[PDB]
Each structure stands twice: as C-alpha cells, then as structure tokens.
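Peer 1: Structure in structure tokens, see below.
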Amino acid sequence: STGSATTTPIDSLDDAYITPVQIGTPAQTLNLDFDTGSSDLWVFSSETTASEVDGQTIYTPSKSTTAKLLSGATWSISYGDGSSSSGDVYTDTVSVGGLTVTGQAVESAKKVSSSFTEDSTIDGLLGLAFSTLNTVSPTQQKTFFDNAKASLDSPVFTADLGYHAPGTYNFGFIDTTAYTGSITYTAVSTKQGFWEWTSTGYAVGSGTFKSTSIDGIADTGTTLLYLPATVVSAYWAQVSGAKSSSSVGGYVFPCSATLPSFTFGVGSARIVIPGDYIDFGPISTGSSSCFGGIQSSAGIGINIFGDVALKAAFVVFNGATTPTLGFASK
C-alpha cells in the first residue's frame, strides 16, 4: 500500500505545516502537524478542557463506531519549545492520504498548553520519530508509520515541504518526479529516538565550503534551523546590521537586508537554502527588525534541521531495518 497527502503552511511565514488526517468511522478529518521529532499522535478532542479549545476541530470518540478506550493508558508530552499536552488514549482507524491503519493509538488531549490553544489551525500532532519516544504509559504505543510499515510497498516516507506553498507527505514510495538529480543517503542513529544524522559541513552564500561534522536531527515539527553558535555567527556576520538580541530571543537583522543562502552538506552532496527561506519577517507588526531563520542550538543540547532546511530538499525517511535519511535537491 501507499499514501499521499498534501501538507499546507499554517500561515504566511511557514511557521508549521498541516496535513488532513481521517480518524474514526465515519471519518472525522483533523488537520495535524506531522512531526518527525516526536512519536505521539495526539488530538484536540471532546475531552479537552473547554477553556483550552479555541477554534480547533476536535475528535469525538463517542461518535466513532471503531473507537475503543485503551483502558488505563495515559500520555503526557513536553516539546522543545516549552509547550505540552496530556490525556488518555483510544485506538481507532486512522487514514492519511489513502493509507489506512487500524488500531492506531489516538491520544486524546485533556489538557494542552497555551501555545496550542492559541493556534487555531493545528488540531493535533502526528509523530513520525521512532516509537521508543512514544509517551503512552504503561504500555508504549507505535507511531502511524511504525504501524503502517509492514503493509507499505517500501518502508519509507518522504517529506517535500513547500516554501510559502503546499507540499507533500508520501508513504510507501519515492516519487521520482518530485526531485532533481539524485538522492544522497546518509546514516541515521536511532539512539536518542530521532532521525539523527551527521551533516558534512556548510557554506555561507557564495563562500567556500567548510568541511565539519554537524550532528543533528531532521525535524519537520521545528520551524527553524538550529546549528552550533560558531556556524550561526559565521552566517549572520555576512548580513550588515545583524545581531543576536537577548530581548528578542535570537538573531535579528534589518528588514532591508538581502540574505545570503546557506548550504549544508549531505555526504558529498550539497543542499542550498535560498536566503529568502531564512527571513521570518518583522519581530512585531510594523517593525523594521526581522527575525532570522538560522539560530543557535547552544543550550538546546542538539542541532535541529527544521523546516527551514528540510523545505529546501526532498527528504526520504527510510525505515528499513537499518534506517537512513536521503536528501535531494528539487
């Protein structure tokens, strides 16, 4: 089997992407944030504290003939940005782009933090990291991909995120029309539960490529590109007036700037992030200070190849017995 679903930016900055997901019988369609950096499929629901729901579409398990309470199971998750959610668990039928999993753990939120409430466009998350990170207790649950894997034509999914435009998540096949040139594959460590890999270096603009190993995660659920302070400083030094602002929370730059591109290495291959992808616009409405899309990972504890990087590539998440990641230009 295969699945193919369109993923759509939630706003004009590509802060996140939502993908329609069918849950239950009859189908209830929720728009979920597909997150290769976590491993829980959780939704706003009829159980979510009413004051914490503001415009989201909710899953109502009592209206699904295939929903079953997973008795005694609870979940609780905290994300890198400080947001969190928790609740109980149902199993139900879940379909993405025509690919159906029966008996999928659907984690129903009883509580969500303010950032989730405030984002009316995201009805929940669909985790696509390794199932070892799943938070359900006392019986850990599998991700949608892990459950689908054996049925897929090939044990892969691909992320093809758009810049200020829709893109695609495919399951079970590689669309050879969706990228240019060849796909370069690189080793993955699953030791921390992430799609963790090592970039071979970087360049800033038309500068020379610096060969240096950068360990990080491919994370569709993180907006920006978080890299070591040395790398980030070298980038922003090429933008007149750019500076790190502790009050704003990272590098800012004059909105009048033209940003240089940023290249990262995948083996001997190179992915080029155009400068425009690195512009996250005014820090506040009407400001002439703009927020940068490349930020330091210092004090995160891990480097993160988030959407800024991934949307410059066609990315293969290969879930074979020995997982790997593939990147192609597009």
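Starting from 1 in every chain, residues are counted up; chains themselves are A, B, ... following the order of the structure tokens, and ligands are numbered from 1 as listed.
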Do you have, as a Markdown table, the list of residues of segment 214-275 of chain A lying at most 10 Å from segment 117-129 of chain A, each with its nearest atom pair and that distance in Å to one decimal, counting only C-alpha atoms and ordered by chain then number?
Peer 2:
```
| residue | atom | partner | partner_atom | distance |
| --- | --- | --- | --- | --- |
| A:217 | CA | A:129 | CA | 10.0 |
| A:218 | CA | A:129 | CA | 9.3 |
| A:219 | CA | A:129 | CA | 8.6 |
| A:220 | CA | A:128 | CA | 9.1 |
| A:221 | CA | A:127 | CA | 8.8 |
```
Peer 1: Report as an MDAnalysis selection string all protein, DNA and RNA residues lying within 12 Å of residue 10 of chain A, evaluated on only C-alpha atoms, omitting residues in the same chain fewer than 2 positions from it.
Peer 2: chainID A and resid 7:8 12:19 31:33 119:123 162:166 223
Peer 1: Pull the closest atom pair for each residue of segment 176-234 of chain A that gets at most 8 Å from segment 260-278 of chain A, along with the distance in Å to one decimal, counting only C-alpha atoms, ordering rows by chain and then ascending residue number, as a tab-separated table.
Peer 2:
```
residue	atom	partner	partner_atom	distance
A:184	CA	A:269	CA	6.7
A:185	CA	A:266	CA	7.7
A:186	CA	A:267	CA	6.7
A:198	CA	A:266	CA	7.9
A:199	CA	A:265	CA	5.3
A:200	CA	A:265	CA	4.7
A:201	CA	A:265	CA	5.0
A:202	CA	A:264	CA	4.4
A:203	CA	A:263	CA	4.9
A:204	CA	A:262	CA	4.9
A:205	CA	A:261	CA	4.6
A:206	CA	A:261	CA	7.8
```
Peer 1: Which one is closest to residue 316 of chain A: A:141, A:176, A:284, A:211? Count only C-alpha atoms.
Peer 2: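 Under the stated criterion, the closest residue is A:176.
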Peer 1: Which residues, written as a PyMOL selection string, have at least one atom at most 10 Å from residue 76 of chain A, with only C-alpha atoms counted and residues fewer than 4 positions away on the same chain left out?
Peer 2: chain A and resi 40+42+84-88+107+109-112+134-137
Peer 1: Mind dumping the selected residues with C-alpha atoms as a CSV table (one decimal), in the first residue's frame?
Peer 2:
```
chain,number,residue,atom,x,y,z
A,40,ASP,CA,2.8,10.7,19.7
A,42,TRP,CA,-2.5,13.4,19.8
A,84,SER,CA,2.9,20.5,26.4
A,85,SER,CA,-0.2,18.3,26.3
A,86,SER,CA,-1.6,15.3,28.1
A,87,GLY,CA,-4.6,13.0,28.3
A,88,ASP,CA,-5.9,9.5,27.8
A,107,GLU,CA,-4.0,10.2,22.2
A,109,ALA,CA,-5.9,15.6,25.0
A,110,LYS,CA,-7.5,16.5,28.3
A,111,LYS,CA,-5.0,19.4,28.7
A,112,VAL,CA,-3.0,21.5,26.2
A,134,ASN,CA,6.2,7.5,22.5
A,135,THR,CA,4.9,8.7,25.9
A,136,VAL,CA,1.9,6.4,26.5
A,137,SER,CA,2.1,4.7,29.8
```
Peer 1: Can you pull out every residue within 12 Å of residue 283 of chain A, counting only C-alpha atoms, but drop anything in the same chain fewer than 2 positions away, and send it as a PyMOL selection string?
Peer 2: chain A and resi 13+245+247-255+279-281+285-293
Peer 1: Kindly indicate which residue among A:168, A:64, A:230, A:322 lies nearest to residue 210 of chain A, using only C-alpha atoms for the distances.
Peer 2: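 When distances to residue 210 of chain A are compared using only C-alpha atoms, the smallest one comes from A:230.
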Peer 1: Please extract the residues of segment 22-252 of chain A with a backbone DSSP assignment of strand (DSSP E or B) and present them as a ChimeraX atom specification.
Peer 2: /A:22-23,28-35,41-43,45,59,68-78,84-96,99-112,124-127,137,156-160,167-171,184-187,189,196-204,210-218,225-227,243-245,250-252
Peer 1: Give the answer as one residue: which of A:77, A:315, A:96, A:58 has the shortest atom-to-atom distance to residue 178 of chain A, using only C-alpha atoms?
Peer 2: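 Distance minimum relative to residue 178 of chain A lands on A:315.
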Peer 1: Pick the closest to residue 102 of chain A from A:68, A:191, A:63, A:330: which is it, counting only C-alpha atoms?
Peer 2: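 Ranking A:68, A:191, A:63, A:330 by distance to residue 102 of chain A, first place goes to A:68.
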Peer 1: A:153, A:142, A:116, A:222: which is nearest residue 55 of chain A, counting only C-alpha atoms?
Peer 2: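 Nearest to residue 55 of chain A: A:116.
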Peer 1: Would you mind telling me which residue in A:75, A:195, A:157, A:327 lies nearest to residue 36 of chain A when using only C-alpha atoms?
Peer 2: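 With only C-alpha atoms as the atom set, the closest residue is A:195.
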Peer 1: With a distance cut-off of 9 Å and only C-alpha atoms, select the neighbouring residues of residue 105 of chain A, excluding the residue or stretch itself and same-chain residues fewer than 4 positions from it, and output the selection as an mmCIF file with N, CA, C and O atoms, in the first residue's frame.
Peer 2:
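Dumped everything to around-v5.cif:
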```
data_model
loop_
_atom_site.group_PDB
_atom_site.id
_atom_site.type_symbol
_atom_site.label_atom_id
_atom_site.label_comp_id
_atom_site.auth_asym_id
_atom_site.auth_seq_id
_atom_site.Cartn_x
_atom_site.Cartn_y
_atom_site.Cartn_z
ATOM 1 N N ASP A 40 4.185 10.783 19.230
ATOM 2 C CA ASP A 40 2.812 10.683 19.721
ATOM 3 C C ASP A 40 1.864 11.256 18.664
ATOM 4 O O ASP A 40 2.143 12.298 18.064
ATOM 5 N N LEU A 41 0.762 10.557 18.424
ATOM 6 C CA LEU A 41 -0.331 11.075 17.615
ATOM 7 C C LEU A 41 -1.383 11.510 18.619
ATOM 8 O O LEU A 41 -2.030 10.664 19.247
ATOM 9 N N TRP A 42 -1.511 12.819 18.807
ATOM 10 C CA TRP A 42 -2.466 13.358 19.764
ATOM 11 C C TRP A 42 -3.346 14.402 19.108
ATOM 12 O O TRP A 42 -2.926 15.090 18.179
ATOM 13 N N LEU A 70 -8.414 2.740 25.310
ATOM 14 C CA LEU A 70 -7.281 1.908 25.686
ATOM 15 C C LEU A 70 -7.180 2.029 27.202
ATOM 16 O O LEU A 70 -6.624 2.992 27.742
ATOM 17 N N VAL A 89 -6.186 7.708 26.079
ATOM 18 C CA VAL A 89 -5.887 7.091 24.785
ATOM 19 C C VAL A 89 -7.020 6.216 24.296
ATOM 20 O O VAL A 89 -7.581 5.432 25.061
ATOM 21 N N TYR A 90 -7.304 6.343 23.004
ATOM 22 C CA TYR A 90 -8.225 5.474 22.291
ATOM 23 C C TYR A 90 -7.439 4.759 21.206
ATOM 24 O O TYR A 90 -6.388 5.242 20.773
ATOM 25 N N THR A 91 -7.927 3.615 20.755
ATOM 26 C CA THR A 91 -7.484 3.098 19.465
ATOM 27 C C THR A 91 -8.601 3.329 18.463
ATOM 28 O O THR A 91 -9.779 3.285 18.810
ATOM 29 N N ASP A 92 -8.225 3.619 17.224
ATOM 30 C CA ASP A 92 -9.213 3.851 16.185
ATOM 31 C C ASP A 92 -8.532 3.711 14.832
ATOM 32 O O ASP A 92 -7.308 3.566 14.735
ATOM 33 N N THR A 93 -9.339 3.770 13.783
ATOM 34 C CA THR A 93 -8.837 3.707 12.423
ATOM 35 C C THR A 93 -8.364 5.091 11.994
ATOM 36 O O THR A 93 -9.086 6.086 12.161
ATOM 37 N N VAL A 94 -7.152 5.156 11.450
ATOM 38 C CA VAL A 94 -6.551 6.413 11.037
ATOM 39 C C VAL A 94 -6.069 6.273 9.605
ATOM 40 O O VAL A 94 -5.366 5.322 9.274
ATOM 41 N N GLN A 141 3.110 2.950 22.845
ATOM 42 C CA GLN A 141 2.397 2.718 21.595
ATOM 43 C C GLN A 141 3.264 3.055 20.393
ATOM 44 O O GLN A 141 4.226 3.811 20.492
ATOM 45 N N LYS A 142 2.894 2.491 19.251
ATOM 46 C CA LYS A 142 3.601 2.708 17.995
ATOM 47 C C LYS A 142 3.079 3.900 17.204
ATOM 48 O O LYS A 142 1.887 4.214 17.211
ATOM 49 N N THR A 143 3.978 4.528 16.462
ATOM 50 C CA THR A 143 3.574 5.589 15.552
ATOM 51 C C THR A 143 2.765 5.051 14.373
ATOM 52 O O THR A 143 2.791 3.854 14.064
ATOM 53 N N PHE A 144 2.081 5.973 13.699
ATOM 54 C CA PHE A 144 1.357 5.661 12.482
ATOM 55 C C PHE A 144 2.272 4.968 11.458
ATOM 56 O O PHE A 144 1.884 3.981 10.833
#
```
Peer 1: Can you list, as a PyMOL selection string, all residues belonging to segment 37-243 of chain A that DSSP tags as alpha helix (DSSP H)?
Peer 2: chain A and resi 114-118+144-148+229-236
